[PDB]
$ cat work-v5.txt   # compact mmCIF, C-alpha atoms and all ligand atoms
# COMPACT_ATOMS: atom_id res chain seq x y z
CA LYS C 1 26.14 60.70 -31.98
CA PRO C 2 23.93 58.57 -34.32
CA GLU C 3 22.43 61.76 -35.97
CA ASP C 4 26.03 62.78 -36.92
CA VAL C 5 26.64 59.27 -38.48
CA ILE C 6 23.35 59.78 -40.48
CA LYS C 7 24.31 63.35 -41.66
CA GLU C 8 27.51 61.66 -43.02
CA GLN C 9 25.72 58.60 -44.56
CA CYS C 10 23.29 60.97 -46.43
CA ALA C 11 26.19 63.31 -47.52
CA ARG C 12 27.64 60.39 -49.65
CA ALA C 13 24.13 59.11 -50.73
CA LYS C 14 22.76 59.22 -54.33
CA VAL C 15 19.15 59.38 -52.96
CA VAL C 16 18.06 60.73 -49.54
CA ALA C 17 14.55 60.01 -48.24
CA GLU C 18 13.76 62.55 -45.43
CA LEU C 19 11.69 61.20 -42.47
CA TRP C 20 10.06 64.00 -40.37
CA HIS C 21 9.32 62.98 -36.79
CA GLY C 22 8.26 64.35 -33.35
CA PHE C 23 10.78 62.62 -31.02
CA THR C 24 12.46 65.38 -28.93
CA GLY C 25 14.95 62.90 -27.42
CA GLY C 26 15.47 60.13 -24.87
CA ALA C 27 15.01 56.43 -25.77
CA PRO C 28 12.53 57.08 -28.67
CA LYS C 29 14.78 59.54 -30.58
CA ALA C 30 17.78 57.25 -29.92
CA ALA C 31 15.95 54.04 -31.07
CA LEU C 32 14.75 55.78 -34.30
CA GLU C 33 18.35 56.94 -35.01
CA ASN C 34 19.89 53.45 -34.30
CA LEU C 35 17.32 51.84 -36.72
CA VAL C 36 18.16 54.47 -39.45
CA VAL C 37 21.97 54.00 -38.95
CA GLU C 38 21.58 50.18 -39.42
CA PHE C 39 19.32 50.61 -42.53
CA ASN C 40 21.68 53.26 -44.03
CA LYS C 41 24.62 50.78 -43.68
CA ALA C 42 22.89 48.10 -45.86
CA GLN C 43 22.41 50.55 -48.80
CA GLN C 44 24.73 51.70 -51.57
CA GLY C 45 24.02 55.40 -52.32
CA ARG C 46 20.49 55.19 -50.75
CA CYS C 47 19.68 56.68 -47.30
CA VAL C 48 17.07 57.87 -44.85
CA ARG C 49 17.57 61.28 -43.14
CA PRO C 50 15.49 61.66 -39.93
CA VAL C 51 14.64 65.33 -39.23
CA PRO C 52 13.31 66.25 -35.76
CA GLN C 53 10.35 68.70 -36.08
CA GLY C 54 9.79 69.27 -32.31
CA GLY C 55 6.86 67.39 -30.77
CA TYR C 56 3.90 65.92 -32.67
CA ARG C 57 1.84 69.20 -32.76
CA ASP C 58 4.90 71.01 -34.18
CA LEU C 59 5.36 68.17 -36.81
CA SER C 60 1.77 68.51 -38.21
CA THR C 61 2.10 72.40 -38.21
CA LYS C 62 5.40 72.02 -40.10
CA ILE C 63 3.89 69.38 -42.54
CA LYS C 64 1.01 71.88 -43.31
CA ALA C 65 3.68 74.61 -43.98
CA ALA C 66 5.63 72.11 -46.16
CA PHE C 67 2.45 71.60 -48.34
CA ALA C 68 2.01 75.43 -48.56
CA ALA C 69 5.77 75.73 -49.47
CA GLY C 70 5.41 72.77 -51.96
CA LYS C 71 8.34 70.78 -50.41
CA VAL C 72 7.25 67.79 -48.22
CA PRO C 73 9.60 65.05 -46.95
CA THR C 74 9.37 61.46 -48.36
CA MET C 75 8.03 60.08 -45.04
CA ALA C 76 6.60 61.42 -41.79
CA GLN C 77 5.02 60.30 -38.57
CA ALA C 78 1.23 60.82 -38.45
CA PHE C 79 -1.69 60.06 -36.13
CA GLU C 80 -4.87 58.56 -37.76
CA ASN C 81 -6.56 62.07 -37.72
CA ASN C 82 -3.51 63.59 -39.52
CA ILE C 83 -3.74 60.74 -42.17
CA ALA C 84 -7.42 61.77 -42.68
CA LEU C 85 -6.37 65.45 -43.11
CA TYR C 86 -3.58 64.55 -45.63
CA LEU C 87 -6.06 62.33 -47.63
CA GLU C 88 -8.34 65.43 -48.16
CA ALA C 89 -5.36 66.84 -50.18
CA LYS C 90 -4.83 63.36 -51.83
CA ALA C 91 -1.23 63.77 -50.50
CA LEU C 92 -0.46 60.09 -49.47
CA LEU C 93 0.80 57.05 -51.45
CA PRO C 94 -1.15 53.84 -50.73
CA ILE C 95 1.33 51.60 -48.86
CA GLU C 96 0.54 48.29 -50.59
CA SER C 97 1.04 49.89 -54.09
CA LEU C 98 4.58 50.87 -52.89
CA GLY C 99 5.15 47.09 -52.46
CA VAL C 100 5.33 46.99 -48.57
CA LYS C 101 4.03 43.62 -47.19
CA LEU C 102 1.46 44.11 -44.34
CA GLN C 103 0.57 40.42 -43.52
CA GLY C 104 1.23 39.97 -39.80
CA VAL C 105 0.69 43.66 -38.76
CA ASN C 106 -1.59 43.75 -35.69
CA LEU C 107 -5.18 44.36 -36.98
CA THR C 108 -5.80 46.90 -34.04
CA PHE C 109 -3.08 48.96 -35.81
CA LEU C 110 -3.77 48.05 -39.47
CA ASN C 111 -7.53 48.77 -39.28
CA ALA C 112 -6.63 52.31 -37.94
CA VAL C 113 -4.48 53.20 -41.06
CA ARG C 114 -7.12 51.82 -43.52
CA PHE C 115 -9.39 54.50 -45.18
CA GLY C 116 -12.14 53.35 -47.58
CA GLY C 117 -10.41 49.92 -47.62
CA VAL C 118 -6.97 51.39 -48.60
CA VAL C 119 -3.96 51.37 -46.17
CA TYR C 120 -2.18 54.77 -46.09
CA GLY C 121 0.25 54.29 -43.17
CA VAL C 122 2.71 51.84 -41.59
CA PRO C 123 2.18 51.40 -37.83
CA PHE C 124 5.61 52.32 -36.41
CA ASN C 125 5.65 53.60 -32.79
CA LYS C 126 2.28 52.58 -31.34
CA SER C 127 1.77 53.14 -27.54
CA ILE C 128 -0.95 51.85 -25.25
CA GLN C 129 -1.88 53.47 -21.87
CA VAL C 130 -0.66 51.49 -18.84
CA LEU C 131 -0.93 51.91 -15.05
CA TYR C 132 2.46 53.15 -13.66
CA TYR C 133 2.66 52.64 -9.93
CA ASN C 134 4.91 52.97 -6.87
CA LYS C 135 5.55 49.35 -5.87
CA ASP C 136 7.20 50.52 -2.61
CA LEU C 137 4.24 52.68 -1.52
CA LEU C 138 1.54 50.05 -2.28
CA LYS C 139 3.63 47.47 -0.33
CA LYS C 140 4.07 49.90 2.66
CA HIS C 141 0.21 50.15 3.10
CA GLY C 142 -0.64 46.52 2.04
CA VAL C 143 -2.64 47.81 -0.99
CA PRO C 144 -2.98 45.34 -3.92
CA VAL C 145 -2.57 46.67 -7.50
CA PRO C 146 -6.15 47.75 -8.31
CA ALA C 147 -7.85 45.71 -11.13
CA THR C 148 -11.15 47.73 -11.21
CA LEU C 149 -12.03 51.41 -11.37
CA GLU C 150 -13.77 50.92 -7.97
CA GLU C 151 -10.58 49.45 -6.43
CA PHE C 152 -8.43 52.19 -8.07
CA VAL C 153 -10.51 55.01 -6.46
CA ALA C 154 -10.55 53.18 -3.11
CA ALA C 155 -6.74 52.67 -3.23
CA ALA C 156 -6.04 56.33 -4.25
CA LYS C 157 -8.27 57.45 -1.22
CA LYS C 158 -6.60 55.09 1.26
CA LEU C 159 -3.06 55.93 0.14
CA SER C 160 -3.71 59.71 -0.08
CA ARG C 161 -5.09 59.72 3.53
CA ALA C 162 -2.09 57.64 4.68
CA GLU C 163 0.57 59.84 2.95
CA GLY C 164 -1.12 63.28 3.46
CA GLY C 165 -1.38 64.20 -0.21
CA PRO C 166 -3.07 63.17 -3.53
CA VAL C 167 -1.28 60.05 -4.84
CA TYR C 168 -3.08 59.62 -8.21
CA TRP C 169 -1.25 61.95 -10.58
CA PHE C 170 -2.74 63.06 -13.91
CA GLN C 171 -2.43 65.70 -16.63
CA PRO C 172 -5.85 67.34 -17.17
CA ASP C 173 -5.88 66.50 -20.87
CA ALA C 174 -7.79 64.56 -23.54
CA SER C 175 -5.57 61.40 -23.20
CA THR C 176 -6.32 61.03 -19.43
CA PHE C 177 -10.00 61.95 -20.02
CA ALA C 178 -10.15 59.13 -22.68
CA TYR C 179 -9.13 56.47 -20.16
CA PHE C 180 -12.02 57.27 -17.74
CA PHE C 181 -14.52 58.10 -20.56
CA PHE C 182 -13.92 54.75 -22.46
CA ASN C 183 -14.03 52.68 -19.23
CA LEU C 184 -17.34 54.31 -18.16
CA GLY C 185 -18.93 53.08 -21.50
CA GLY C 186 -18.34 56.32 -23.47
CA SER C 187 -18.12 56.59 -27.23
CA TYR C 188 -17.27 59.76 -29.16
CA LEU C 189 -19.42 59.00 -32.27
CA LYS C 190 -23.26 58.79 -31.93
CA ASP C 191 -24.72 57.64 -35.28
CA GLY C 192 -21.70 59.24 -37.07
CA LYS C 193 -21.84 62.58 -35.15
CA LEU C 194 -19.06 63.70 -32.74
CA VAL C 195 -20.43 64.11 -29.20
CA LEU C 196 -18.13 65.59 -26.47
CA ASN C 197 -20.91 66.20 -23.86
CA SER C 198 -22.54 62.72 -23.46
CA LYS C 199 -23.48 61.58 -19.98
CA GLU C 200 -20.29 59.35 -19.90
CA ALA C 201 -18.21 62.46 -20.76
CA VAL C 202 -19.80 64.40 -17.81
CA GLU C 203 -19.27 61.32 -15.56
CA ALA C 204 -15.55 60.97 -16.50
CA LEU C 205 -14.77 64.72 -15.99
CA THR C 206 -16.81 64.80 -12.75
CA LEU C 207 -14.90 61.75 -11.47
CA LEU C 208 -11.56 63.56 -11.99
CA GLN C 209 -12.80 66.93 -10.56
CA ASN C 210 -14.22 65.13 -7.48
CA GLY C 211 -10.89 63.31 -7.04
CA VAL C 212 -9.11 66.71 -6.85
CA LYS C 213 -11.74 68.10 -4.40
CA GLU C 214 -11.51 64.85 -2.33
CA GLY C 215 -7.67 65.09 -2.07
CA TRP C 216 -6.81 61.80 -3.94
CA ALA C 217 -6.07 63.17 -7.42
CA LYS C 218 -3.19 65.60 -8.16
CA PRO C 219 -3.29 67.68 -11.34
CA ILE C 220 0.15 67.92 -13.08
CA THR C 221 0.14 71.23 -14.92
CA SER C 222 3.83 71.73 -15.83
CA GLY C 223 5.77 68.94 -17.64
CA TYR C 224 5.20 65.14 -17.99
CA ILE C 225 4.21 63.30 -14.84
CA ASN C 226 7.69 61.66 -14.89
CA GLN C 227 9.30 65.15 -14.73
CA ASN C 228 7.30 65.97 -11.51
CA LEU C 229 8.26 62.82 -9.55
CA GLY C 230 9.95 63.40 -6.16
CA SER C 231 7.54 66.25 -5.19
CA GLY C 232 5.06 64.66 -2.74
CA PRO C 233 3.80 61.12 -2.52
CA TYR C 234 3.14 59.22 -5.79
CA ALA C 235 1.13 55.94 -6.05
CA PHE C 236 -0.32 55.82 -9.61
CA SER C 237 -0.64 57.37 -13.06
CA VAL C 238 -2.21 56.32 -16.39
CA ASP C 239 0.23 57.09 -19.08
CA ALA C 240 1.44 55.96 -22.50
CA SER C 241 3.70 52.87 -22.59
CA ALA C 242 6.23 55.11 -24.38
CA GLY C 243 6.87 56.94 -21.04
CA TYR C 244 8.42 53.72 -19.65
CA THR C 245 12.09 54.82 -20.02
CA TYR C 246 11.33 58.38 -18.71
CA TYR C 247 9.56 56.94 -15.61
CA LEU C 248 12.40 54.43 -15.10
CA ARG C 249 15.15 57.08 -15.18
CA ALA C 250 13.18 59.56 -12.95
CA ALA C 251 11.71 57.24 -10.28
CA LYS C 252 13.58 57.08 -6.96
CA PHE C 253 11.14 54.25 -5.93
CA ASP C 254 10.59 50.73 -7.40
CA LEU C 255 8.44 51.44 -10.54
CA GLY C 256 5.68 48.98 -11.45
CA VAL C 257 3.63 48.64 -14.65
CA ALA C 258 0.18 46.99 -14.57
CA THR C 259 -2.71 46.55 -17.01
CA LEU C 260 -5.36 49.29 -16.57
CA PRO C 261 -8.21 49.03 -14.03
CA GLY C 262 -11.41 48.04 -15.83
CA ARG C 263 -15.22 48.10 -15.11
CA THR C 264 -14.77 44.50 -13.76
CA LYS C 265 -12.07 41.87 -13.16
CA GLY C 266 -13.32 39.98 -16.28
CA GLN C 267 -11.08 42.28 -18.39
CA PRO C 268 -8.47 45.06 -18.10
CA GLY C 269 -9.69 48.60 -18.84
CA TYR C 270 -9.34 49.87 -22.37
CA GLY C 271 -6.29 52.01 -23.00
CA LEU C 272 -5.92 54.78 -25.53
CA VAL C 273 -3.65 53.90 -28.48
CA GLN C 274 -1.19 56.76 -29.21
CA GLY C 275 2.11 57.14 -31.08
CA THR C 276 2.24 57.27 -34.83
CA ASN C 277 2.20 55.58 -38.23
CA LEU C 278 4.67 56.33 -41.05
CA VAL C 279 3.17 57.79 -44.25
CA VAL C 280 4.72 58.21 -47.73
CA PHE C 281 4.01 61.42 -49.64
CA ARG C 282 2.95 61.35 -53.35
CA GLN C 283 5.35 64.27 -53.98
CA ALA C 284 8.39 61.99 -53.33
CA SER C 285 10.38 60.84 -56.42
CA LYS C 286 10.18 57.14 -57.56
CA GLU C 287 13.78 56.71 -56.21
CA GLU C 288 12.87 58.29 -52.74
CA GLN C 289 9.72 56.08 -52.65
CA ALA C 290 11.87 52.94 -53.36
CA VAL C 291 14.04 53.91 -50.31
CA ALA C 292 10.81 54.38 -48.26
CA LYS C 293 9.57 50.90 -49.46
CA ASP C 294 12.83 49.23 -48.26
CA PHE C 295 12.93 51.35 -45.08
CA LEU C 296 9.30 50.36 -44.23
CA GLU C 297 10.03 46.68 -45.01
CA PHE C 298 13.06 46.97 -42.62
CA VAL C 299 11.00 48.70 -39.80
CA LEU C 300 8.36 45.85 -40.03
CA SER C 301 11.15 43.15 -39.77
CA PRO C 302 11.04 41.07 -36.54
CA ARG C 303 14.50 42.25 -35.30
CA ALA C 304 13.86 46.02 -35.97
CA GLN C 305 10.48 45.68 -34.19
CA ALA C 306 12.05 43.74 -31.30
CA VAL C 307 14.90 46.30 -30.74
CA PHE C 308 12.66 49.43 -31.15
CA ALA C 309 9.93 48.16 -28.84
CA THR C 310 12.25 46.87 -26.03
CA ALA C 311 14.36 50.10 -26.15
CA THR C 312 11.19 52.28 -25.71
CA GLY C 313 8.01 50.50 -24.36
CA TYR C 314 6.19 51.01 -27.70
CA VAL C 315 4.06 48.00 -28.62
CA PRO C 316 5.55 45.69 -31.29
CA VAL C 317 3.30 46.06 -34.35
CA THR C 318 3.87 42.54 -35.89
CA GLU C 319 3.20 38.98 -34.77
CA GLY C 320 6.76 38.06 -35.91
CA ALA C 321 8.32 40.57 -33.39
CA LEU C 322 7.09 38.38 -30.49
CA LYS C 323 8.83 35.32 -32.13
CA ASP C 324 12.21 37.17 -32.38
CA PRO C 325 14.83 35.93 -29.86
CA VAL C 326 16.00 39.43 -28.92
CA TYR C 327 12.40 40.35 -27.96
CA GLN C 328 12.14 36.99 -26.09
CA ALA C 329 15.38 37.60 -24.12
CA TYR C 330 14.18 41.12 -23.03
CA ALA C 331 10.69 39.79 -22.06
CA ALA C 332 12.19 36.92 -20.06
CA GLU C 333 14.23 39.37 -17.89
CA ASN C 334 11.53 42.09 -17.62
CA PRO C 335 7.81 41.25 -17.12
CA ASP C 336 6.82 44.85 -18.13
CA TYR C 337 7.18 44.07 -21.87
CA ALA C 338 4.57 41.25 -21.69
CA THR C 339 2.39 43.65 -19.55
CA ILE C 340 2.46 46.32 -22.23
CA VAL C 341 1.61 43.64 -25.01
CA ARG C 342 -1.20 42.23 -22.82
CA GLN C 343 -2.60 45.71 -22.35
CA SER C 344 -2.27 46.36 -26.18
CA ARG C 345 -5.07 43.75 -26.64
CA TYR C 346 -7.56 46.14 -24.88
CA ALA C 347 -7.18 49.16 -27.13
CA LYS C 348 -9.38 52.12 -28.18
CA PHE C 349 -8.71 54.99 -30.58
CA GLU C 350 -9.97 58.60 -30.70
CA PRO C 351 -11.91 59.60 -33.82
CA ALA C 352 -9.95 59.73 -37.11
CA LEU C 353 -11.47 63.12 -38.09
CA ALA C 354 -9.25 65.59 -39.97
CA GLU C 355 -10.01 68.28 -37.30
CA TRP C 356 -9.40 65.99 -34.28
CA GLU C 357 -5.90 67.38 -33.41
CA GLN C 358 -7.41 70.90 -33.01
CA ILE C 359 -10.46 69.49 -31.16
CA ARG C 360 -8.53 67.30 -28.68
CA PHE C 361 -6.06 70.02 -27.55
CA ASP C 362 -7.79 73.38 -28.05
CA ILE C 363 -11.47 72.48 -27.39
CA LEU C 364 -11.78 69.18 -25.44
CA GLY C 365 -8.40 69.71 -23.58
CA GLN C 366 -9.42 73.31 -22.67
CA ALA C 367 -12.85 72.12 -21.30
CA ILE C 368 -11.02 69.55 -19.14
CA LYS C 369 -8.53 72.19 -17.81
CA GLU C 370 -11.48 74.61 -17.12
CA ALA C 371 -13.20 71.93 -14.98
CA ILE C 372 -10.03 70.64 -13.26
CA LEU C 373 -7.98 73.80 -12.79
CA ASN C 374 -10.79 76.43 -12.56
CA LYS C 375 -13.61 74.31 -11.02
CA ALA C 376 -15.86 74.94 -14.08
CA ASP C 377 -19.03 72.81 -13.97
CA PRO C 378 -18.21 69.62 -15.99
CA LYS C 379 -21.46 69.67 -18.04
CA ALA C 380 -21.20 73.49 -18.73
CA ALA C 381 -17.52 73.01 -19.73
CA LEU C 382 -18.31 70.06 -22.11
CA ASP C 383 -21.48 71.78 -23.48
CA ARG C 384 -19.21 74.68 -24.55
CA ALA C 385 -16.75 72.13 -26.07
CA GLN C 386 -19.63 70.52 -28.03
CA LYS C 387 -20.71 73.89 -29.55
CA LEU C 388 -17.10 74.86 -30.43
CA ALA C 389 -16.51 71.40 -32.08
CA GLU C 390 -19.87 71.58 -34.03
CA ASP C 391 -18.93 75.10 -35.18
CA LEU C 392 -15.45 73.99 -36.31
CA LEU C 393 -16.88 70.89 -38.15
CA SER C 394 -19.63 73.03 -39.85
CA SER C 395 -17.00 75.59 -41.05
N1 LIG G 1 -0.19 65.95 -32.21
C1 LIG G 1 -0.98 64.97 -31.69
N2 LIG G 1 -0.64 64.39 -30.48
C2 LIG G 1 -1.45 63.42 -30.03
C3 LIG G 1 -2.66 63.00 -30.72
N3 LIG G 1 -3.26 62.00 -30.00
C4 LIG G 1 -2.44 61.83 -28.92
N4 LIG G 1 -1.40 62.69 -28.91
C5 LIG G 1 -0.28 62.82 -27.98
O1 LIG G 1 0.47 61.61 -28.06
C6 LIG G 1 1.21 61.59 -26.88
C7 LIG G 1 1.61 60.18 -26.58
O2 LIG G 1 2.44 59.71 -27.69
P1 LIG G 1 3.51 58.53 -27.45
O3 LIG G 1 4.21 58.38 -28.78
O4 LIG G 1 2.74 57.27 -26.90
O5 LIG G 1 4.52 59.09 -26.36
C8 LIG G 1 5.46 60.14 -26.55
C9 LIG G 1 5.53 61.05 -25.33
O6 LIG G 1 4.26 61.51 -24.80
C10 LIG G 1 6.44 60.31 -24.36
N5 LIG G 1 7.34 61.19 -23.47
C11 LIG G 1 8.29 62.10 -23.93
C12 LIG G 1 9.12 62.85 -23.05
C13 LIG G 1 8.88 62.64 -21.66
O7 LIG G 1 9.46 63.13 -20.60
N6 LIG G 1 7.92 61.78 -21.32
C14 LIG G 1 7.19 61.04 -22.14
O8 LIG G 1 6.32 60.28 -21.65
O9 LIG G 1 7.26 59.52 -25.21
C15 LIG G 1 6.85 59.53 -26.59
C16 LIG G 1 7.78 60.27 -27.55
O10 LIG G 1 8.09 61.66 -27.25
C17 LIG G 1 0.33 62.19 -25.81
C18 LIG G 1 1.10 63.14 -24.94
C19 LIG G 1 0.73 64.52 -25.37
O11 LIG G 1 1.81 65.00 -26.13
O12 LIG G 1 0.62 65.42 -24.26
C20 LIG G 1 -0.55 64.40 -26.13
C21 LIG G 1 -0.72 63.00 -26.52
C22 LIG G 1 -2.95 63.67 -32.00
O13 LIG G 1 -3.98 63.35 -32.63
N7 LIG G 1 -2.08 64.62 -32.42
$ encode --input "work-v5.txt" --output "structure tokens" --more "lines below"
Ligand SMILES: Nc1nc2c(ncn2[C@@H]2O[C@H](COP(=O)(O)O[C@H]3[C@@H](O)[C@H](n4ccc(=O)[nH]c4=O)O[C@@H]3CO)[C@H]3CC(O)(O)C[C@H]32)c(=O)[nH]1
Amino acid sequence: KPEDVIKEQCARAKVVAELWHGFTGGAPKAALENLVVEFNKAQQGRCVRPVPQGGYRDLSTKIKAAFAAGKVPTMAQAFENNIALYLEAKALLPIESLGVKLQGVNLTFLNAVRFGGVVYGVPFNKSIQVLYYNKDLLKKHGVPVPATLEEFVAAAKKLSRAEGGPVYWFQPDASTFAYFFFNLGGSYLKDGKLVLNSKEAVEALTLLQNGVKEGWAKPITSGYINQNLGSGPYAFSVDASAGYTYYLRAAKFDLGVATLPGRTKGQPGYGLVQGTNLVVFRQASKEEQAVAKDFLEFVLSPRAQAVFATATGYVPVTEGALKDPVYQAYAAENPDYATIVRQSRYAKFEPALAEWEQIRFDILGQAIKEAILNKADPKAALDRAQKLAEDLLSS
């Protein structure tokens, strides 16, 4: 196993830089480990040790405990809102001071790690939402891949009627909500203030709740969508590009990947950007930080980017990745990699507020579950979310 090879590499190493992550397994965990094994081989007495912390929520809980225990790793994965939280504690090294070169990092991704003009993270494993679909089922009913929200609803209705069950599958969560909210003209910040209960928020949540009532949308309440496949007819889902390998292994049908339905055919829908940046903690030693500098330079290299992104369906974060022949060979044999990069052009983020992790799961996510699972009124559910978010922010 690659994590055994790493335990061994670090055992002989003069300096070990720990990297805490939230990859539980599959292609992402494996791709991270393969990258680390290759880096660790180039060094003499200098190594990275990846340490799985569970999922992403677990990782930020454990990073907060590590601050309270006074023992943080050298590097960790972080969302933009976690970077914001760690900056309140002044806990992050500025990346460009470390000596990492950022020319050629995608500005979509670089702007998101820049706080008061200073970059505090290295875009690493950046996902974009895509439309997964059942190529077999759309072909059986002569339904084209939908390019607009209108067409998507119409297709889900037609196919659900035909197959006797709801064919648009979704988790009732903030990530799914974001797709429909952004594409109905929603924004979360109104003159600097967080608003969860805007008319576009009510519209988005009402669209999903109506799709359940109308028999075209299927709430997935236990596991990833890709873990529920094979139970009833499936046409479509909106999911992160990093689910690609999970969908591929699970699907008994011919899986497709398309750009997201938008307001019009003039442009694909916006997708939510997910996945994480790597940060470097101030508490690391000069020697651990030097390992981080070389590790981050390696992760931004065209070949590392090419291998990582083709092994997983993460978006390659540099312009040079798309010029690498290994990326080019993968793309030539599989049109889904270009589809994911094309979608990555039409990209929105959630707010970069320190409290956003709590808000998205415990407040916004709960309001969406209330509406979807318990037929709560959408406006009443989001009005309660607004008050709980304002109270949290005021505390
Ligand atoms: N903590 C925290 N999480 C956040 C925040 N913003 C968004 N997210 C979560 O990012 C996940 C997307 O990140 P991504 O790296 O694109 O994809 C993950 C996995 O989701 C996906 N996966 C894993 C196993 C499996 O069977 N299927 C599969 O698709 O593969 C990758 C590695 O595990 C969403 C999913 C969510 O966990 O339910 C909540 C969302 C935040 O601010 N904080």
$ closest_atom_pairs --input "work-v5.txt" --of "chain C" --to "ligand LIG 1 (chain G)" --cutoff "7 Å" --atoms "all atoms listed in the file" --output "CSV"
residue,atom,partner,partner_atom,distance
C:22,CA,G:LIG1,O10,6.7
C:23,CA,G:LIG1,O10,4.7
C:24,CA,G:LIG1,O10,6.0
C:25,CA,G:LIG1,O10,7.0
C:28,CA,G:LIG1,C16,5.8
C:55,CA,G:LIG1,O10,6.8
C:56,CA,G:LIG1,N1,4.1
C:57,CA,G:LIG1,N1,3.9
C:60,CA,G:LIG1,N1,6.8
C:79,CA,G:LIG1,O13,5.3
C:81,CA,G:LIG1,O13,5.8
C:82,CA,G:LIG1,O13,6.9
C:125,CA,G:LIG1,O3,6.4
C:126,CA,G:LIG1,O4,6.5
C:127,CA,G:LIG1,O4,4.3
C:128,CA,G:LIG1,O4,6.8
C:175,CA,G:LIG1,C21,6.1
C:224,CA,G:LIG1,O7,5.4
C:226,CA,G:LIG1,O7,6.2
C:227,CA,G:LIG1,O7,6.2
C:240,CA,G:LIG1,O4,4.8
C:241,CA,G:LIG1,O4,6.2
C:242,CA,G:LIG1,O9,4.6
C:243,CA,G:LIG1,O8,3.4
C:246,CA,G:LIG1,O7,5.4
C:274,CA,G:LIG1,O4,4.6
C:275,CA,G:LIG1,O3,3.4
C:276,CA,G:LIG1,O3,6.5
C:356,CA,G:LIG1,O13,6.3
C:357,CA,G:LIG1,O13,4.5
$ closest_residue --input "work-v5.txt" --among "C:267, C:129, C:161, C:327" --to "residue C:340" --atoms "all atoms listed in the file"
C:129
$ residues_around --input "work-v5.txt" --residues "residue C:113" --least-positions-apart "4" --cutoff "10 Å" --atoms "only C-alpha atoms" --output "list in words"
residues 78, 79, 80, 81, 83, 84, 95, 107, 108, 109, 117, 118, 119, 120, 121, 122, 123, 277, 278, 279 and 352 of chain C
$ closest_atom_pairs --input "work-v5.txt" --of "stretch 139-229 of chain C" --to "stretch 252-266 of chain C" --cutoff "8 Å" --atoms "all atoms listed in the file" --output "tab-separated table"
residue	atom	partner	partner_atom	distance
C:145	CA	C:258	CA	7.6
C:146	CA	C:261	CA	6.2
C:147	CA	C:261	CA	4.4
C:148	CA	C:261	CA	4.3
C:149	CA	C:261	CA	5.2
C:150	CA	C:263	CA	7.8
C:151	CA	C:261	CA	8.0
C:152	CA	C:261	CA	6.7
C:183	CA	C:263	CA	6.3
C:184	CA	C:263	CA	7.2
$ closest_residue --input "work-v5.txt" --among "C:307, C:210, C:337, C:114" --to "residue C:102" --atoms "all atoms listed in the file"
C:114
$ axis_aligned_box --input "work-v5.txt" --around "stretch 375-393 of chain C" --padding-each-side "5 Å" --output "JSON"
{"center_x": -17.5, "center_y": 72.4, "center_z": -24.6, "size_x": 17.9, "size_y": 15.5, "size_z": 37.1}
$ closest_residue --input "work-v5.txt" --among "C:53, C:111, C:43, C:344" --to "residue C:272" --atoms "only C-alpha atoms"
C:344
$ atom_distance --input "work-v5.txt" --atom1 "atom CA of residue C:98" --atom2 "atom CA of residue C:290"
7.6 Å
$ atom_distance --input "work-v5.txt" --atom1 "atom CA of residue C:29" --atom2 "atom CA of residue C:308"
10.3 Å
$ closest_residue --input "work-v5.txt" --among "C:341, C:17, C:30, C:291" --to "residue C:2" --atoms "only C-alpha atoms"
C:30
$ residues_around --input "work-v5.txt" --residues "residue C:233" --least-positions-apart "4" --cutoff "8 Å" --atoms "only C-alpha atoms" --output "list in words"
residues 163, 165, 166 and 167 of chain C
$ atom_distance --input "work-v5.txt" --atom1 "atom CA of residue C:328" --atom2 "atom CA of residue C:33"
22.7 Å
$ closest_residue --input "work-v5.txt" --among "C:372, C:71, C:362, C:395" --to "residue C:208" --atoms "all atoms listed in the file"
C:372
$ residues_around --input "work-v5.txt" --residues "residue C:73" --least-positions-apart "5" --cutoff "7 Å" --atoms "all atoms listed in the file" --output "list in words"
residues 18, 19 and 20 of chain C
$ residues_near_point --input "work-v5.txt" --point "(28.2, 53.0, -44.0)" --cutoff "9 Å" --atoms "all atoms listed in the file" --output "PyMOL selection string"
chain C and resi 5+8-9+37-38+40-44
$ closest_residue --input "work-v5.txt" --among "C:88, C:288, C:355, C:377" --to "residue C:394" --atoms "only C-alpha atoms"
C:355
$ residues_around --input "work-v5.txt" --residues "residue C:168" --least-positions-apart "2" --cutoff "8 Å" --atoms "all atoms listed in the file" --output "PyMOL selection string"
chain C and resi 156+166+170+216-218+234-237
$ write_last_selection --input "work-v5.txt" --atoms "C-alpha atoms" --output "PDB file, in the frame of the given file"
ATOM      1  CA  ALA C 156      -6.040  56.330  -4.250  1.00  0.00           C
ATOM      2  CA  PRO C 166      -3.070  63.170  -3.530  1.00  0.00           C
ATOM      3  CA  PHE C 170      -2.740  63.060 -13.910  1.00  0.00           C
ATOM      4  CA  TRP C 216      -6.810  61.800  -3.940  1.00  0.00           C
ATOM      5  CA  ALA C 217      -6.070  63.170  -7.420  1.00  0.00           C
ATOM      6  CA  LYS C 218      -3.190  65.600  -8.160  1.00  0.00           C
ATOM      7  CA  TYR C 234       3.140  59.220  -5.790  1.00  0.00           C
ATOM      8  CA  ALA C 235       1.130  55.940  -6.050  1.00  0.00           C
ATOM      9  CA  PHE C 236      -0.320  55.820  -9.610  1.00  0.00           C
ATOM     10  CA  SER C 237      -0.640  57.370 -13.060  1.00  0.00           C
TER      11      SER C 237
END
